[PDB]
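Only one structure is covered here, and it is reproduced in the block below.
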Amino acid sequence: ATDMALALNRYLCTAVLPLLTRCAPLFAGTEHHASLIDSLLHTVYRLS
């Protein structure tokens with residue numbers, strides 16, 4: 001309920017997620033940071 005959380009969500013969904021959607025094809029090979037990309041997916045699904 002904090003407006004800090006609201007502003008953070010606004011920033012993420014305005015800048016970061018569109019940026020990662022436009023740079024999605026570069027996500028082809030991540031076998032060397034598989035743990036990192038798994039953490040990304042887990043955090044994104046938690047936000048969802």
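Identifiers for the structure tokens are assigned positionally: chains receive A, B, ... in sequence, residues are indexed from 1 per chain, and ligands are indexed from 1 in the order shown.
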As a PDB file with N, CA, C and O atoms, in the first residue's frame, please: all residues of chain A that backbone DSSP puts in alpha helix (DSSP H).
```pdb
ATOM      1  N   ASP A   3       3.126   4.223  -1.138  1.00  0.00           N
ATOM      2  CA  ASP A   3       3.323   4.886  -2.423  1.00  0.00           C
ATOM      3  C   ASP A   3       4.728   4.660  -2.970  1.00  0.00           C
ATOM      4  O   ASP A   3       4.952   4.787  -4.179  1.00  0.00           O
ATOM      5  N   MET A   4       5.685   4.333  -2.099  1.00  0.00           N
ATOM      6  CA  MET A   4       7.010   3.932  -2.561  1.00  0.00           C
ATOM      7  C   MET A   4       6.929   2.677  -3.422  1.00  0.00           C
ATOM      8  O   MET A   4       7.541   2.601  -4.495  1.00  0.00           O
ATOM      9  N   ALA A   5       6.160   1.684  -2.969  1.00  0.00           N
ATOM     10  CA  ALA A   5       5.961   0.477  -3.764  1.00  0.00           C
ATOM     11  C   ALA A   5       5.262   0.798  -5.078  1.00  0.00           C
ATOM     12  O   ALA A   5       5.601   0.233  -6.123  1.00  0.00           O
ATOM     13  N   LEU A   6       4.279   1.701  -5.042  1.00  0.00           N
ATOM     14  CA  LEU A   6       3.574   2.078  -6.263  1.00  0.00           C
ATOM     15  C   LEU A   6       4.519   2.722  -7.269  1.00  0.00           C
ATOM     16  O   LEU A   6       4.488   2.391  -8.461  1.00  0.00           O
ATOM     17  N   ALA A   7       5.370   3.641  -6.807  1.00  0.00           N
ATOM     18  CA  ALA A   7       6.327   4.285  -7.701  1.00  0.00           C
ATOM     19  C   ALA A   7       7.331   3.281  -8.253  1.00  0.00           C
ATOM     20  O   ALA A   7       7.698   3.343  -9.434  1.00  0.00           O
ATOM     21  N   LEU A   8       7.794   2.351  -7.413  1.00  0.00           N
ATOM     22  CA  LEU A   8       8.731   1.338  -7.888  1.00  0.00           C
ATOM     23  C   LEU A   8       8.097   0.457  -8.959  1.00  0.00           C
ATOM     24  O   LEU A   8       8.723   0.167  -9.986  1.00  0.00           O
ATOM     25  N   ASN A   9       6.852   0.024  -8.737  1.00  0.00           N
ATOM     26  CA  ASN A   9       6.159  -0.788  -9.733  1.00  0.00           C
ATOM     27  C   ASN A   9       5.950  -0.007 -11.024  1.00  0.00           C
ATOM     28  O   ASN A   9       6.097  -0.552 -12.126  1.00  0.00           O
ATOM     29  N   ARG A  10       5.589   1.274 -10.903  1.00  0.00           N
ATOM     30  CA  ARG A  10       5.446   2.123 -12.081  1.00  0.00           C
ATOM     31  C   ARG A  10       6.738   2.182 -12.880  1.00  0.00           C
ATOM     32  O   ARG A  10       6.722   1.980 -14.099  1.00  0.00           O
ATOM     33  N   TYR A  11       7.860   2.440 -12.209  1.00  0.00           N
ATOM     34  CA  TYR A  11       9.155   2.489 -12.881  1.00  0.00           C
ATOM     35  C   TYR A  11       9.476   1.171 -13.571  1.00  0.00           C
ATOM     36  O   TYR A  11       9.890   1.155 -14.737  1.00  0.00           O
ATOM     37  N   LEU A  17      10.671  -3.691 -17.775  1.00  0.00           N
ATOM     38  CA  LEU A  17       9.969  -4.763 -18.480  1.00  0.00           C
ATOM     39  C   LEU A  17       9.844  -4.503 -19.976  1.00  0.00           C
ATOM     40  O   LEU A  17      10.093  -5.434 -20.760  1.00  0.00           O
ATOM     41  N   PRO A  18       9.455  -3.307 -20.445  1.00  0.00           N
ATOM     42  CA  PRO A  18       9.516  -3.060 -21.896  1.00  0.00           C
ATOM     43  C   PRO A  18      10.912  -3.217 -22.473  1.00  0.00           C
ATOM     44  O   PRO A  18      11.064  -3.722 -23.592  1.00  0.00           O
ATOM     45  N   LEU A  19      11.942  -2.803 -21.731  1.00  0.00           N
ATOM     46  CA  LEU A  19      13.310  -2.946 -22.220  1.00  0.00           C
ATOM     47  C   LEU A  19      13.689  -4.414 -22.367  1.00  0.00           C
ATOM     48  O   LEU A  19      14.267  -4.817 -23.383  1.00  0.00           O
ATOM     49  N   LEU A  20      13.359  -5.232 -21.368  1.00  0.00           N
ATOM     50  CA  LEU A  20      13.617  -6.664 -21.435  1.00  0.00           C
ATOM     51  C   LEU A  20      12.767  -7.366 -22.484  1.00  0.00           C
ATOM     52  O   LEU A  20      13.187  -8.407 -23.003  1.00  0.00           O
ATOM     53  N   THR A  21      11.591  -6.830 -22.806  1.00  0.00           N
ATOM     54  CA  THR A  21      10.768  -7.374 -23.879  1.00  0.00           C
ATOM     55  C   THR A  21      11.341  -7.054 -25.254  1.00  0.00           C
ATOM     56  O   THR A  21      11.327  -7.908 -26.145  1.00  0.00           O
ATOM     57  N   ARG A  22      11.847  -5.834 -25.442  1.00  0.00           N
ATOM     58  CA  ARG A  22      12.521  -5.481 -26.684  1.00  0.00           C
ATOM     59  C   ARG A  22      13.863  -6.182 -26.846  1.00  0.00           C
ATOM     60  O   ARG A  22      14.271  -6.448 -27.982  1.00  0.00           O
ATOM     61  N   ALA A  34      22.671 -19.541 -15.827  1.00  0.00           N
ATOM     62  CA  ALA A  34      21.370 -20.192 -15.709  1.00  0.00           C
ATOM     63  C   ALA A  34      20.714 -19.874 -14.373  1.00  0.00           C
ATOM     64  O   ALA A  34      19.501 -19.642 -14.309  1.00  0.00           O
ATOM     65  N   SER A  35      21.498 -19.854 -13.293  1.00  0.00           N
ATOM     66  CA  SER A  35      20.950 -19.481 -11.993  1.00  0.00           C
ATOM     67  C   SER A  35      20.433 -18.048 -12.006  1.00  0.00           C
ATOM     68  O   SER A  35      19.375 -17.754 -11.438  1.00  0.00           O
ATOM     69  N   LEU A  36      21.169 -17.141 -12.655  1.00  0.00           N
ATOM     70  CA  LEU A  36      20.743 -15.747 -12.731  1.00  0.00           C
ATOM     71  C   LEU A  36      19.427 -15.603 -13.487  1.00  0.00           C
ATOM     72  O   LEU A  36      18.522 -14.883 -13.044  1.00  0.00           O
ATOM     73  N   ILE A  37      19.295 -16.280 -14.631  1.00  0.00           N
ATOM     74  CA  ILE A  37      18.063 -16.142 -15.405  1.00  0.00           C
ATOM     75  C   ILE A  37      16.904 -16.833 -14.691  1.00  0.00           C
ATOM     76  O   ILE A  37      15.755 -16.377 -14.760  1.00  0.00           O
ATOM     77  N   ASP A  38      17.182 -17.929 -13.974  1.00  0.00           N
ATOM     78  CA  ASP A  38      16.151 -18.552 -13.152  1.00  0.00           C
ATOM     79  C   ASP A  38      15.674 -17.615 -12.052  1.00  0.00           C
ATOM     80  O   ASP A  38      14.471 -17.538 -11.775  1.00  0.00           O
ATOM     81  N   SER A  39      16.603 -16.902 -11.411  1.00  0.00           N
ATOM     82  CA  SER A  39      16.229 -15.897 -10.424  1.00  0.00           C
ATOM     83  C   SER A  39      15.387 -14.790 -11.041  1.00  0.00           C
ATOM     84  O   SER A  39      14.415 -14.339 -10.422  1.00  0.00           O
ATOM     85  N   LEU A  40      15.746 -14.341 -12.248  1.00  0.00           N
ATOM     86  CA  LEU A  40      14.910 -13.371 -12.950  1.00  0.00           C
ATOM     87  C   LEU A  40      13.495 -13.896 -13.143  1.00  0.00           C
ATOM     88  O   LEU A  40      12.525 -13.186 -12.858  1.00  0.00           O
ATOM     89  N   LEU A  41      13.361 -15.120 -13.654  1.00  0.00           N
ATOM     90  CA  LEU A  41      12.031 -15.671 -13.899  1.00  0.00           C
ATOM     91  C   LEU A  41      11.236 -15.774 -12.607  1.00  0.00           C
ATOM     92  O   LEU A  41      10.042 -15.455 -12.574  1.00  0.00           O
ATOM     93  N   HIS A  42      11.888 -16.218 -11.533  1.00  0.00           N
ATOM     94  CA  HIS A  42      11.205 -16.364 -10.255  1.00  0.00           C
ATOM     95  C   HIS A  42      10.724 -15.018  -9.727  1.00  0.00           C
ATOM     96  O   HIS A  42       9.571 -14.899  -9.289  1.00  0.00           O
ATOM     97  N   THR A  43      11.577 -13.992  -9.781  1.00  0.00           N
ATOM     98  CA  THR A  43      11.186 -12.662  -9.327  1.00  0.00           C
ATOM     99  C   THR A  43      10.062 -12.087 -10.182  1.00  0.00           C
ATOM    100  O   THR A  43       9.117 -11.487  -9.656  1.00  0.00           O
ATOM    101  N   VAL A  44      10.147 -12.259 -11.504  1.00  0.00           N
ATOM    102  CA  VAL A  44       9.110 -11.752 -12.399  1.00  0.00           C
ATOM    103  C   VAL A  44       7.779 -12.430 -12.126  1.00  0.00           C
ATOM    104  O   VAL A  44       6.731 -11.773 -12.098  1.00  0.00           O
ATOM    105  N   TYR A  45       7.789 -13.747 -11.914  1.00  0.00           N
ATOM    106  CA  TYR A  45       6.545 -14.444 -11.617  1.00  0.00           C
ATOM    107  C   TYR A  45       5.996 -14.056 -10.249  1.00  0.00           C
ATOM    108  O   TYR A  45       4.775 -14.010 -10.068  1.00  0.00           O
ATOM    109  N   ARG A  46       6.872 -13.763  -9.283  1.00  0.00           N
ATOM    110  CA  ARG A  46       6.407 -13.242  -7.999  1.00  0.00           C
ATOM    111  C   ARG A  46       5.729 -11.884  -8.164  1.00  0.00           C
ATOM    112  O   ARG A  46       4.661 -11.640  -7.587  1.00  0.00           O
ATOM    113  N   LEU A  47       6.329 -10.990  -8.956  1.00  0.00           N
ATOM    114  CA  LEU A  47       5.696  -9.699  -9.219  1.00  0.00           C
ATOM    115  C   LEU A  47       4.355  -9.879  -9.916  1.00  0.00           C
ATOM    116  O   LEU A  47       3.379  -9.190  -9.595  1.00  0.00           O
TER     117      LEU A  47
END
```
